């Protein structure tokens, strides 16, 4: 796997420090999980702040956390989770699915075109179908997941990917439908990981 430097490239320096704006009424569990994953792998300086946009953030949210990455979470009254970078030639990045993809990419694991796209496809299913979705659509998503998870331990293969992080996390924050067997197995395999159950209990 690729080192952090070559992953970010020329501006490793620019991107080493990450800022995320999140709404306390809608904390992005997927990012919390990914923060935990990053900390296991990298030396990470983390910080929480509270924008004047909001008042009375609960404590767990407030206490939710020579380095390699800087990682600042700001509670704010934003309509959508948003990541900003020091380079501001670029646009702010909106949507936890997109931020999660970037963060997961920091681990430098290589994927061919098919597998990388399959991973992206699962993140979109989480964001575009599951999260704001119908009950009926949710059952269809479950069927599709159930089929994939009958063929491999994780959504996109033999390794954990951002597909798993995002889809598991979204599933926790919507709460109904019968959970099929492969999905149940996968759910407990996810929750068995410290980064996952740790972040989840934070949101209590």
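Positions refer to the first chain, counted from 1.
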Residue 65-residue 66 interval: deposited residues absent from the model: 10 or more
Length class of the unmodelled deposited segment, which would lie between residue 175 and residue 176: 1 to 3
Given 5 to 13 and 192 to 200, the range whose Cα B-factors average higher in the PDB entry: 5 to 13
Stretch with the greater mean C-alpha B-factor as recorded in the entry, comparing 53 to 61 against 145 to 153: 53 to 61
Highest recorded Cα temperature factor - choice among 81, 88, 98, 115: 88
Which of 161, 158, 135, 169 ranks first by CA B-factor in the deposited coordinates: 135
Third assignment of residue 109 from its chain's C-alpha B-factors: middle
Third of the chain's Cα B-factor distribution that residue 77 belongs to, per the entry: highest
